[PDB]
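Peer 1:
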Amino acid sequence: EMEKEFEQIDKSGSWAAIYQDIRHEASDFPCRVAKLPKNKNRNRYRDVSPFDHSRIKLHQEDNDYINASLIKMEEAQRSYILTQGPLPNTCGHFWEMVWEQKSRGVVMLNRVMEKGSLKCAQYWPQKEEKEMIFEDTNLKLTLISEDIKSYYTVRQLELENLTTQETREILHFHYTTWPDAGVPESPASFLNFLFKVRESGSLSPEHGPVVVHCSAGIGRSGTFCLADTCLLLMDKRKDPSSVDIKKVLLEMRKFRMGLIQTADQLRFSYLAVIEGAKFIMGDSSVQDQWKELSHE
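In the entry's author numbering, the protein residues as written are 2 to 297.
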């Protein structure tokens, strides 16, 4: 069971060894398209690449490469696209992928600048009157509205295929107070944020897969998807005990490398799922307690 395992591993201070065992058993698949010379400048970190079998292909005949992986969770019935923070030259690719994949939401888990370094291009417009046009992919992006809370921001964007003039509303969910180092002490603000994304319909199956990223798209993005899928699985059977987090994480790692970057993120994932279980279980009032403790 999950809380029993958590305490056992905690009282024993073996989180590093648990996490390292996951590192060792994790799938290894080729990344040959990612490594081709013509794609060097499409990759933010040379040590973070999409496997060839799960990579998102741009619908273009020149170069279909973007550093993005489709994580398809069969049992949980939820799909996610995990990607790096766009580079100055891949912002058009990024929105092209969002369009072609029919995604409704983008989850951003980083700030544009962290630890005094640029982690991510400014890939969405900050002012309604200053829309962005990506000439390569022929897409137009307009800030429609913005809802700033204390630790996250929700933006409504309109994405227009400048070729076909059809338009889509994209929801941008921007979690802004992940700490520069370490993980959050309590998972309540994290869970309140995940449920905000869930309530927007961005995760539901009539839309394309949600796009999730931080700078590399494996650590914080890994934590987000793992907690969501774990909670989803406990829901479908209401069997808290039947969900094995580590086996869910290893299943996810079949689709993109490196998901969950530190042992403390693994531990936090446990925290989030355990606490999130209090909602799944029938205690609907626990969601509003997280909204209080989060200070949104």
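Ideal Cβ placement from N, Cα and C applies to all residues, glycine included.
Taking buried to mean at least 16 other C-beta atoms within 10 Å of its own C-beta, is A69 buried or exposed?
Peer 2: Buried.
Peer 1: Any beta-carbon of chain B closer than 7 Å to the one on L140?
Peer 2: The chain labelled as chain B is not found in the depicted structure, where only one protein chain is given.
Peer 1: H60: which of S13, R169, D265, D137 sits nearest, CA to CA?
Peer 2: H60 has its Cα closest to that of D137, out of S13, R169, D265, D137.
Peer 1: Which residues in the same chain have their Cβ closer than 6 Å to the Cβ of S295, if we skip the five residues on either side of it in sequence?
Peer 2: So the qualifying residues of the chain are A189, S190, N193.
Peer 1: Give the range of the beta strand (DSSP E) segment to which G106 is assigned.
Peer 2: Element bounds for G106: 106 to 109.
Peer 1: Taking the alpha helix (DSSP H) that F52 belongs to, which residues open and close that run?
Peer 2: Segment: none, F52 is in no alpha helix (DSSP H) and carries neither H nor E.
Peer 1: Please report how far the alpha carbon of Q85 lies from the alpha carbon of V107, in whole angstroms.
Peer 2: Rounded to whole angstroms, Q85 to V107 spans 12 Å at the Cα level.
Peer 1: Where are the beta strand (DSSP E) runs, 3 residues long or more, that stay fully inside the stretch 32 to 94, in chain order?
Peer 2: Runs found: 56 to 58, 66 to 74, 79 to 84.
Peer 1: Within 10 Å of its beta-carbon, does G218 have 16 or more other beta-carbons around it, so buried, or fewer, so exposed?
Peer 2: Buried, by the Cβ-count rule.
Peer 1: If you run the structure through DSSP and keep just helix, strand and coil, what is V113?
Peer 2: Coil, per DSSP.
Peer 1: Could you tell me which uninterrupted beta strand (DSSP E) segments, each at least 3 residues in length, are contained entirely in the stretch 121 to 168, listed from first to last along the chain?
Peer 2: Entirely contained in the stretch 121 to 168, the beta strand (DSSP E) runs reaching 3 residues are, in chain order, 133 to 135, 140 to 149, 153 to 162.
Peer 1: Which residues does DSSP pair with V211 in a beta bridge?
Peer 2: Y81.
Peer 1: Are the beta-carbon atoms belonging to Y153 and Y176 less than 7 Å from one another?
Peer 2: A contact, by the Cβ cut-off of 7 Å.
Peer 1: Could you tell me which residues DSSP pairs with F174 in its beta bridges?
Peer 2: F174 is bridged to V108, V155.
Peer 1: Reducing DSSP to helix, strand and coil, say where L204 ends up.
Peer 2: Note: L204 maps to coil in three-state DSSP.
Peer 1: When the Cα atoms are used, what is the spatial distance from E200 to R45?
Peer 2: C-alpha separation (whole angstroms): 31 Å.
Peer 1: Can you look up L192 in the DSSP assignment and give me helix, strand or coil?
Peer 2: Note: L192 maps to helix in three-state DSSP.
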